[PDB]
Amino acid sequence: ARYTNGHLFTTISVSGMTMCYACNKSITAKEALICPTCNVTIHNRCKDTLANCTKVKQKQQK
Amino acid sequence: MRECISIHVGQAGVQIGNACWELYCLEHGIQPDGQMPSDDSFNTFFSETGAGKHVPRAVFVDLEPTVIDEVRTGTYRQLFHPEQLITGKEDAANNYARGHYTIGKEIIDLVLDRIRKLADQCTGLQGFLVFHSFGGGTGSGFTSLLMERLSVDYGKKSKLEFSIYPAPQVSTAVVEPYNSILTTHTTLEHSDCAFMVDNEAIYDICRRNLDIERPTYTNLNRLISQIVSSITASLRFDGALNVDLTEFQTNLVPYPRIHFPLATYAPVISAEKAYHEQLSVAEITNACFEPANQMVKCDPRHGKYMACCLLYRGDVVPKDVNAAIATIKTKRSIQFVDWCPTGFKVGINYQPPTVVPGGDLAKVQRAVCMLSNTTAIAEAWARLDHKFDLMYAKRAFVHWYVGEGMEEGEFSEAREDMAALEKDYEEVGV
Amino acid sequence: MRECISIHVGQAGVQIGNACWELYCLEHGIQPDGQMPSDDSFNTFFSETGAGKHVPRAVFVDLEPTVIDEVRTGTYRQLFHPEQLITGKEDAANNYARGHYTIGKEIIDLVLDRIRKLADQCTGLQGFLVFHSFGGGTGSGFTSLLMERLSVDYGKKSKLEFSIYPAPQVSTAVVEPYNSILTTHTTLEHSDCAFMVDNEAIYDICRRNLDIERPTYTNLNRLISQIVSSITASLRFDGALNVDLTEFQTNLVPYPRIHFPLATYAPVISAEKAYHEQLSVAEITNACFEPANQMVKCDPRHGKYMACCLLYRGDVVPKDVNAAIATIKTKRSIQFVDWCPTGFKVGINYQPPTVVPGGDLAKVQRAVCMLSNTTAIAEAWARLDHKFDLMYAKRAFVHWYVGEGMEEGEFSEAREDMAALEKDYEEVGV
Amino acid sequence: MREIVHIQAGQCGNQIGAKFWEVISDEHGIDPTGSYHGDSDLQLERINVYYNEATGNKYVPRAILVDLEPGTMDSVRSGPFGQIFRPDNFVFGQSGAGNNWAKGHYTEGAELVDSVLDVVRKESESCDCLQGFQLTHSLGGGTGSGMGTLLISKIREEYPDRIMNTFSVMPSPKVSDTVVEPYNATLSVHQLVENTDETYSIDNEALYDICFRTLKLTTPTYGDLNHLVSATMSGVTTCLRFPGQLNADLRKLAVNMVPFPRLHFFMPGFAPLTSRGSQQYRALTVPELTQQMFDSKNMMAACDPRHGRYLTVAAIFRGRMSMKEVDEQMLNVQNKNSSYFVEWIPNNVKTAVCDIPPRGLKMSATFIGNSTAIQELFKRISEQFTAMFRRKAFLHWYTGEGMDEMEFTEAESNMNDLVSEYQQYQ
Amino acid sequence: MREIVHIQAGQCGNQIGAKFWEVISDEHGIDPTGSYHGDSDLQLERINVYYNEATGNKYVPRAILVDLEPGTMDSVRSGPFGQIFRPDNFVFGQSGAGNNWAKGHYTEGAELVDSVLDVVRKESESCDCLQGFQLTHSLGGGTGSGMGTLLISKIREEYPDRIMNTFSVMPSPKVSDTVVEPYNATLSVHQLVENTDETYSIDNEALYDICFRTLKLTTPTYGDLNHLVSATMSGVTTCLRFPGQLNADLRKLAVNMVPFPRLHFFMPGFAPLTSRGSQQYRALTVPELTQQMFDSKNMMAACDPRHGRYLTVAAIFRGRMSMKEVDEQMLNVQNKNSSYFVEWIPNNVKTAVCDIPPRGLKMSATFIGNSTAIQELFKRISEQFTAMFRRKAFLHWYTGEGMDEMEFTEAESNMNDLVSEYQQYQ
Ligand SMILES: CC(=O)O[C@H]1C(=O)[C@@]2(C)[C@H]([C@H](OC(=O)c3ccccc3)[C@]3(O)C[C@H](OC(=O)[C@H](O)[C@@H](NC(=O)c4ccccc4)c4ccccc4)C(C)=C1C3(C)C)[C@]1(OC(C)=O)CO[C@@H]1C[C@@H]2O
Ligand SMILES: CC(=O)O[C@H]1C(=O)[C@@]2(C)[C@H]([C@H](OC(=O)c3ccccc3)[C@]3(O)C[C@H](OC(=O)[C@H](O)[C@@H](NC(=O)c4ccccc4)c4ccccc4)C(C)=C1C3(C)C)[C@]1(OC(C)=O)CO[C@@H]1C[C@@H]2O
Ligand SMILES: Nc1nc2c(ncn2[C@@H]2O[C@H](COP(=O)(O)OP(=O)(O)OP(=O)(O)O)[C@@H](O)[C@H]2O)c(=O)[nH]1
Ligand SMILES: Nc1nc2c(ncn2[C@@H]2O[C@H](COP(=O)(O)OP(=O)(O)OP(=O)(O)O)[C@@H](O)[C@H]2O)c(=O)[nH]1
Ligand SMILES: Nc1nc2c(ncn2[C@@H]2O[C@H](COP(=O)(O)OP(=O)(O)O)[C@@H](O)[C@H]2O)c(=O)[nH]1
Ligand SMILES: Nc1nc2c(ncn2[C@@H]2O[C@H](COP(=O)(O)OP(=O)(O)O)[C@@H](O)[C@H]2O)c(=O)[nH]1
Ligand SMILES: [Mg+2]
Ligand SMILES: [Mg+2]
Ligand SMILES: [Zn+2]
Ligand SMILES: [Zn+2]
């Protein structure tokens, strides 16, 4: 299906104060991606810039 | 002649039916209390009595009384036959084992009795329109219990289903994966074509197109009713290409087990937006193939279309359907499998879509309902079984099931079966 | 047939479009609400919907909601399609990086969808009418983002672009040179005919001819709208010499990159003045060639004319035109390049100019719009890059740009690229 | 149609039950006399759930009042709503418990249990479809902590299949009012873990915290604490008394909230809760409610849930709201606070919605949470008991009633088993 | 839509802010009670910028009030527009700062900051699209100079990309009211230079000068000074609340005004300003309002601009005027006074124009100037600091809260760095 860096990205309805996982900026639109394993959210414009799933999820476990 | 039996199970199915018969009464001009002021267009769904009263061909069942107590008190109290509104005593409590083995056991013999009485009034019965929810305790257990009997008593008759399917992120119960995984055996063995539907997809559609920020469940029901009305329009009305209910399955289903098509409707549009565009046949045809308009949260681009039925209704000319389908074919985004060079079934009906007076959906001279057997829906199952695997690894909530007369191994035997189904949709994708 | 898509970007572009669509609706007799009380003259700019309503072929985009919110509340609320009026969340803040890389990247996929749906309606599309400002953050970043996408999606179609350009003395922002020098890549690589205009020249025009001491931006927009209406007049109306949108470029553009003609209009005059003077063809033809009537503050005598397009509209006859250009050649002031002995493209249209009722432009039987590729415009670049060099020498304002995903080196590559363009406009001058 | 048998035990149980009947008779529009005076038909549609109809159009609550001292019966009977209860349902002895668990379980309450069950059987027999039992008591003291568990054992034996629902006010250290609470608590939890199907742990310190830091009452009395508990009491059973878009029976709650057989001790809460002087400024909409629920201050146990993770949460909304908003807020809560939910359950939030909000509120919502942080409440009591039992302090009063030290040791062993089980999945 | 979170700290900040709300609510047509009563729809179009909607159409100012003494809260709450604010945002301790920066930053304010950030987070979460922060404080004393900078550091850490906008009343030699002002100012600006994006320097001496030699007020009180400051407060945020011919967002102002990252300390001003007995004689035409703008007597800081040159100036007009007249007049000012502008920036003047003038005025305009001459204000305070620190006077009060002389040395070193940077270009 989709493994650009190595995980799923499915649409989520985004609200309130949020931040990209790569830009570390704020998302303005009401759309966002989300990996159910990595538990992140991105602009829809930084999908290829992230690391692979293994990197991000092993990072998330600090 | 050309009758259909519409059974409604679970709260979701019962409320969808409450919307659906509301739509039909407006369609055929029948009053909410069952009379008809002034063709046999109503003969498919309504049986006629000597007093001028049209009684629906429906059976409402729920093991708890609340929803059917509401319908027995609502505006449509006078529409239904009193003894086809069947109620139990104990709520299924979101448990497949209760709905199938213990509490749904008692009420099944009366439900099949009423179905038999409805059937005996038919001259040319064609199939069944079962409405239920995958997550619900009654919506899984009772539908399995009922279908195991229906497949042996009326085996030849086709059986069409309309199912609300668990979503990626939206979820209203914790054991939804178990309940769906147990409903899979019914939908595999004793079914012919079942239509998945997802709440979050319609939520996003209503947010984007209808411009309502926060809809209730009635809005979802008023679109699912529109879809089923579009399916049955060829059966209730005249048309250029009337699609029979068995012709329908013969086009949709390539293999015995591959029968889980997506459904979508167009033009889903508000009343304010509609004044500023034309809604030609080409535009509405292109609308169905966007990911923005699918009623299941899955990307069609990640799979291959296998078979698409376009049911046009209203002021549609077949020239336009031809030109639209050619335009669809030239696109390299909409990919079909190599072994189905034909692809598209087309039906055209002369009845425009009816707007519910309190509804939001605009009036349009045309409508197209697109149903697509496609491989992308496999990813919708690859989601849900992965939700199961985490829980059964811990034997998380199993004691409630096993405690109510269920065998433990049925879990594994269920998980195996979907592993065969999810394989097959990939296996035919080559 | 013969359609054009009008995209308006930035506050300046949006307000110019507000003037332009006000000028077109009166020219074709369309009410502000889109209806037509009573010939396919409007077909180029307006799409016609079965209710008898004309919807303009336009896309309004601004990354801050203010200006388009005024458009959505003003008198032309009912004219535009509500969904093609696109608004973002955050202001570009006069920053090329914010418009191009950071904020506009979210809305580009929506504006391209709007443009695609507009194009799918168009049967005989020719090109694009992009209105924007070089000084603005949106008007520089978003146009750069959008033109690159259009040049790959619709590479064959023409792309006419209309611009407000920084002036010698008058200016409203500090980093206008940065935005302009960054926009120069877009104009060079993905455009075919960009029409420079500046505020100071039109101000001086209103002071001298229209006898208004202190006008607003609306007065300038009511002249820019007149210029573009004169350009499209050959397309929307019958004429003796109808100039096609591609023929127009074929006569204007001698080399791939020399595509920045000046524009001017005549007779710009007040209602009081015109009664005292005749305004025959010869005098208006002369009126185009003085330094006073240029819309960019440069002296045409300093640069050799390369190509001129005289678009006459109204009660004009070819005899008088040929007589007037005979004198314009006879002059020693209206100089020309040795290698273009034809020089003058002529178009004639039978429709007189339309006067807006609240405007301060007089009614006149004849009008002429002169659009001239000439070397003198190089001086205008020799101005603005010198404004860049002082600031970029200190890295005066750079940290805002680099803070929003912009590579520092792209500044030098921009300054390099303009050094090639100003060379070219000089290199052909020998 | 899904009837509930209510039982009061002990002073605290009797008081909270009396306030519960206050609240729900107000909901159903029942007069102090027992005569219906409500406005809507939905009040009377499911009146059989909590009341028995009797002639003259009177409604007697299906409540059983048990206490080993006549003082509490004289208090409730002379109270604002004392007259409603059936005089046959007042079962009481004379000599009090003396804050002794063994007195309640073996000597004083063992005589009266035979009378209590013979009444509870009558109310079960008059019922059309009994669903479960709704008991009120306290694990401190001797009457509730022992006698309510004895009655729990007997009812579990007689009705093995019905749901059993208990609401317990339990001891906290800083607000302790009796010396021997650890003994009674460790002896009562040993039964509650085994027989009861759910248990809603209520702590006085947390309700005082609600009264002070959220409500801003200057002098909160026990009546206000009982009001707060009765709010969630009426909240949880709302789905089987009014219509709704998502109906959740108590068994429906039990199936989704109880993963393993013994991890059923829940932490309740209520929203909205605002001071009188500040309600004019707030927007009651669903996002603000959802913010107010999952705040650690709003919950009714001293456990700060950030020291653990939720196995399951249940939000029972009442009022008119769109389902999209409710599900969106429930999704954002668990995904923004993903560290505080167990990741071996993919979805942790159950949602139910009813169309009748409380009288005076356009919307309300009851929070239930099964969290591992409850172990801290179950840890500290065990740490208290070890302080006393190590030196056998005050074991003479308990051993005089025939009780043994091996029972205390087994009770604490079961306590450590339960706290270990709650710790295992954290 | 470009929502702004406002915060008040210290007595001076709370006062000038309590005034800001009275003046910005005058431009919004909001009743003292919080009910809308304005004339035009344009007032209500962008009410969300500085307020939150609540039931009954009551608009509550998105404002956080912070102070270490209850007295200022008592005065503001009992003040004219006191009841408009939310009671919950009144976050305050008991013991005052005692005009000590260390108490504000380390000991007393460090306790309360955990409370203030949680309310700021609530306001930020309720917002649709937040743009930046609008803090009012004074660099004198201990409450403002310490706690405002602590809060700025925290918010800058939590919201790195949002604008931070402070308005600073800062010391002057001849109008000093506290002995330890230089220490507090030196420790506060050492934070402001690093964290803030736009800091507007205000001085009481210049405010008195405007009151005396422009307004001809005989007895100007502190209320008049707060009025004068609040004029520019309302002026700068005009473009994102009303329609205009040239819209200038605060980020647009920042992108145009701040050449290098640390040279962002601006000098405000306002026009027109006339005595009540002489307004009948003036013509309010653009040139006349702009004639007063660039007069050295009209700006709000003691720095006479004639000892320096302007990096950038921003003129935000309000009312109906022609664009050509505006452009001519700004060209003439910077051409005839070319010696007072840096030549390495070719154009120094940003112009913004709003279509809606202030109530009661036909025309108005707000002036911002980033001038090198501001160094004289940062120089003189340092010259005071070096007077005391060289003999360690009053240092025991600061080291008693855990502070060190090394911090004072780095604060002074950073001050010298800032003044050197401002001087390097002049
Ligand atoms: C205008 C207005 O807002 O009035 C409210 C009110 O001011 C507030 C503060 C009420 C008020 O509650 C309290 O003051 C209170 C004090 C101690 C303990 C518990 C409550 C109220 O008394 C409580 C009362 O609640 C009800 O009527 C509910 O139906 C409640 N029943 C009772 O309180 C009740 C009282 C006497 C006799 C019988 C019932 C209920 C709660 C849960 C389930 C079913 C019913 C209401 C509307 C209010 C007042 C009157 C001020 C609050 O109560 C509830 C449960 O909503 C406390 O915070 C909430 C939020 C409300 O805004
Ligand atoms: C007939 C006439 O000319 O009346 C004027 C006036 O006389 C003068 C002197 C006013 C007047 O201002 C003062 O007296 C004053 C005194 C001390 C400090 C500041 C002002 C006026 O009070 C001030 C008042 O201004 C406003 O209403 C503005 O909207 C202002 N808002 C407030 O002053 C205000 C007062 C109370 C409560 C709420 C708001 C404003 C300024 C900037 C941004 C937004 C709003 C006006 C028109 C006048 C009077 C009434 C005499 C002046 O004020 C302004 C900002 O216009 C002071 O010099 C100007 C020029 C005016 O000519
Ligand atoms: N679109 C839509 N979905 C509904 C509706 N009502 C319930 N559902 C869906 O049905 C799913 C849950 O199934 P249940 O409501 O438990 O169905 P049930 O058969 O009554 O289950 P039991 O109560 O245990 O017997 C959820 O995904 C709900 O979203 C409705 O009115 N409209
Ligand atoms: N003739 C005319 N020029 C305008 C108008 N509005 C703005 N401008 C000119 O446009 C230049 C500034 O460009 P901007 O207004 O910043 O364009 P923008 O895209 O909205 O800028 P951002 O908000 O940062 O995206 C200036 O030279 C103005 O003179 C107008 O209405 N008419
Ligand atoms: N919220 C509340 N708590 C009470 C009430 N009465 C007693 N309590 C508390 O709950 C505990 C119950 O103890 P108690 O019932 O008196 O002992 P018992 O009679 O032997 O069961 C007391 O220690 C008190 O801390 C009450 O009316 N309301
Ligand atoms: N414009 C204005 N200045 C004030 C006001 N009150 C005090 N000031 C001045 O600003 C400075 C603030 O000092 P202060 O607030 O008392 O110290 P803090 O409370 O510890 O922050 C004083 O020294 C005064 O010079 C006021 O109400 N308005
Ligand atoms: Mg159900
Ligand atoms: Mg703009
Ligand atoms: Zn990003
Ligand atoms: Zn991943």
# chains A, B, ... in the order shown; residues from 1 in each chain; ligands from 1
>>> select_by_dssp(residues="range 361-400 of chain B", states="strand (DSSP E)", output="list in words")
residues 366, 367, 368, 369, 370, 371, 372, 373 and 374 of chain B
>>> calpha_fit_rmsd(fixed="chain C", moving="chain B")
0.2 Å
>>> select_by_dssp(residues="range 81-254 of chain E", states="alpha helix (DSSP H)", output="VMD selection string")
chain E and resid 101 to 102 109 to 126 149 to 158 181 to 195 204 to 213 222 to 236 250 to 254
>>> closest_atom_pairs(of="chain A", to="chain C", cutoff="9 Å", atoms="only C-alpha atoms", output="JSON lines")
{"residue": "A:28", "atom": "CA", "partner": "C:89", "partner_atom": "CA", "distance": 6.3}
{"residue": "A:29", "atom": "CA", "partner": "C:106", "partner_atom": "CA", "distance": 7.3}
{"residue": "A:43", "atom": "CA", "partner": "C:106", "partner_atom": "CA", "distance": 8.0}
{"residue": "A:44", "atom": "CA", "partner": "C:106", "partner_atom": "CA", "distance": 7.9}
{"residue": "A:45", "atom": "CA", "partner": "C:105", "partner_atom": "CA", "distance": 7.3}
>>> write_last_selection(atoms="N, CA, C and O atoms", output="CSV table (one decimal), in the first residue's frame")
chain,number,residue,atom,x,y,z
A,28,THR,N,-1.7,24.0,10.2
A,28,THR,CA,-2.8,25.0,10.1
A,28,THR,C,-4.1,24.3,9.6
A,28,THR,O,-5.2,24.7,9.9
A,29,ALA,N,-3.9,23.3,8.7
A,29,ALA,CA,-5.1,22.7,8.0
A,29,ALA,C,-5.8,21.7,9.0
A,29,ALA,O,-5.3,21.4,10.1
A,43,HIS,N,2.6,17.1,8.5
A,43,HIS,CA,1.9,18.2,7.8
A,43,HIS,C,1.1,17.7,6.6
A,43,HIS,O,0.2,18.4,6.2
A,44,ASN,N,1.4,16.5,6.1
A,44,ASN,CA,1.1,16.0,4.8
A,44,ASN,C,2.1,16.5,3.7
A,44,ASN,O,2.1,16.1,2.6
A,45,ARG,N,3.1,17.3,4.2
A,45,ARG,CA,4.1,17.9,3.2
A,45,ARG,C,5.5,17.4,3.7
A,45,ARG,O,6.5,17.8,3.0
>>> closest_atom_pairs(of="chain E", to="chain A", cutoff="12 Å", atoms="only C-alpha atoms", output="JSON lines")
{"residue": "E:1", "atom": "CA", "partner": "A:28", "partner_atom": "CA", "distance": 10.9}
{"residue": "E:2", "atom": "CA", "partner": "A:28", "partner_atom": "CA", "distance": 11.3}
{"residue": "E:121", "atom": "CA", "partner": "A:17", "partner_atom": "CA", "distance": 9.4}
{"residue": "E:122", "atom": "CA", "partner": "A:17", "partner_atom": "CA", "distance": 10.4}
{"residue": "E:123", "atom": "CA", "partner": "A:17", "partner_atom": "CA", "distance": 10.6}
{"residue": "E:124", "atom": "CA", "partner": "A:17", "partner_atom": "CA", "distance": 7.2}
{"residue": "E:125", "atom": "CA", "partner": "A:16", "partner_atom": "CA", "distance": 5.5}
{"residue": "E:126", "atom": "CA", "partner": "A:16", "partner_atom": "CA", "distance": 7.0}
{"residue": "E:127", "atom": "CA", "partner": "A:16", "partner_atom": "CA", "distance": 7.0}
{"residue": "E:128", "atom": "CA", "partner": "A:16", "partner_atom": "CA", "distance": 6.7}
{"residue": "E:129", "atom": "CA", "partner": "A:28", "partner_atom": "CA", "distance": 7.3}
{"residue": "E:130", "atom": "CA", "partner": "A:17", "partner_atom": "CA", "distance": 8.5}
{"residue": "E:131", "atom": "CA", "partner": "A:26", "partner_atom": "CA", "distance": 10.6}
{"residue": "E:158", "atom": "CA", "partner": "A:19", "partner_atom": "CA", "distance": 11.1}
{"residue": "E:159", "atom": "CA", "partner": "A:25", "partner_atom": "CA", "distance": 9.1}
{"residue": "E:160", "atom": "CA", "partner": "A:25", "partner_atom": "CA", "distance": 8.3}
{"residue": "E:161", "atom": "CA", "partner": "A:25", "partner_atom": "CA", "distance": 6.7}
{"residue": "E:162", "atom": "CA", "partner": "A:26", "partner_atom": "CA", "distance": 9.1}
>>> residues_near_ligand(ligand="ligand 6", cutoff="8 Å", atoms="only C-alpha atoms and all ligand atoms", output="JSON, numbers by chain")
{"E": [9, 10, 11, 12, 13, 14, 15, 16, 67, 96, 97, 98, 99, 100, 101, 104, 137, 138, 139, 140, 141, 142, 143, 144, 145, 146, 169, 170, 171, 175, 176, 177, 178, 181, 203, 204, 207, 222, 223, 225, 226, 229]}
>>> residues_near_ligand(ligand="ligand 4", cutoff="6 Å", atoms="only C-alpha atoms and all ligand atoms", output="compact mmCIF listing (two decimals) with N, CA and C atoms, in the first residue's frame")
# COMPACT_ATOMS: atom_id res chain seq x y z
N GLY C 10 -2.67 37.11 -3.92
CA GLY C 10 -2.25 38.27 -3.17
C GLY C 10 -3.36 39.29 -3.06
N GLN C 11 -3.16 40.24 -2.14
CA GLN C 11 -4.13 41.31 -1.96
C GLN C 11 -4.24 42.17 -3.21
N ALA C 12 -3.10 42.53 -3.80
CA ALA C 12 -3.11 43.37 -5.00
C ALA C 12 -3.82 42.67 -6.15
N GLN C 15 -7.67 42.46 -5.46
CA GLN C 15 -8.38 43.72 -5.66
C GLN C 15 -8.40 44.13 -7.13
N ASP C 91 -1.21 34.49 7.49
CA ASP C 91 -0.74 35.46 6.51
C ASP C 91 0.70 35.15 6.11
N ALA C 92 1.02 35.37 4.83
CA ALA C 92 2.37 35.15 4.33
C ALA C 92 3.39 36.09 4.95
N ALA C 93 2.96 37.27 5.40
CA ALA C 93 3.77 38.17 6.21
C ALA C 93 4.90 38.81 5.41
N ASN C 94 4.70 38.94 4.10
CA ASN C 94 5.71 39.45 3.17
C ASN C 94 7.00 38.65 3.37
N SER C 133 1.26 40.55 -7.28
CA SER C 133 2.21 41.62 -6.99
C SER C 133 3.58 41.04 -6.68
N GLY C 135 5.94 42.65 -4.84
CA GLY C 135 6.33 43.01 -3.50
C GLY C 135 5.81 42.07 -2.44
N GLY C 136 4.62 41.52 -2.66
CA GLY C 136 3.96 40.74 -1.63
C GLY C 136 4.65 39.41 -1.36
N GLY C 137 4.40 38.89 -0.16
CA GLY C 137 4.88 37.56 0.16
C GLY C 137 4.12 36.49 -0.60
N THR C 138 2.79 36.51 -0.52
CA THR C 138 1.99 35.61 -1.33
C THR C 138 2.23 35.88 -2.81
N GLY C 139 2.21 37.15 -3.20
CA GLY C 139 2.26 37.49 -4.62
C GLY C 139 3.56 37.11 -5.30
N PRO C 166 7.73 47.04 -8.13
CA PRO C 166 8.21 48.13 -7.27
C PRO C 166 8.68 49.35 -8.04
N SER C 171 7.07 53.17 -2.29
CA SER C 171 7.16 51.79 -1.86
C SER C 171 6.50 51.65 -0.49
N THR C 172 5.98 50.45 -0.23
CA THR C 172 5.23 50.16 0.99
C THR C 172 5.91 49.14 1.90
N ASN C 199 2.94 51.58 -9.39
CA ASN C 199 1.94 52.48 -8.83
C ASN C 199 2.26 53.94 -9.11
N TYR C 217 -6.21 53.27 -4.41
CA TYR C 217 -5.84 52.12 -5.23
C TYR C 217 -6.94 51.75 -6.21
N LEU C 220 -6.33 53.17 -9.63
CA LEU C 220 -5.32 52.44 -10.39
C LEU C 220 -5.88 51.13 -10.93
N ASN C 221 -6.66 50.43 -10.10
CA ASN C 221 -7.24 49.16 -10.54
C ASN C 221 -8.24 49.37 -11.67
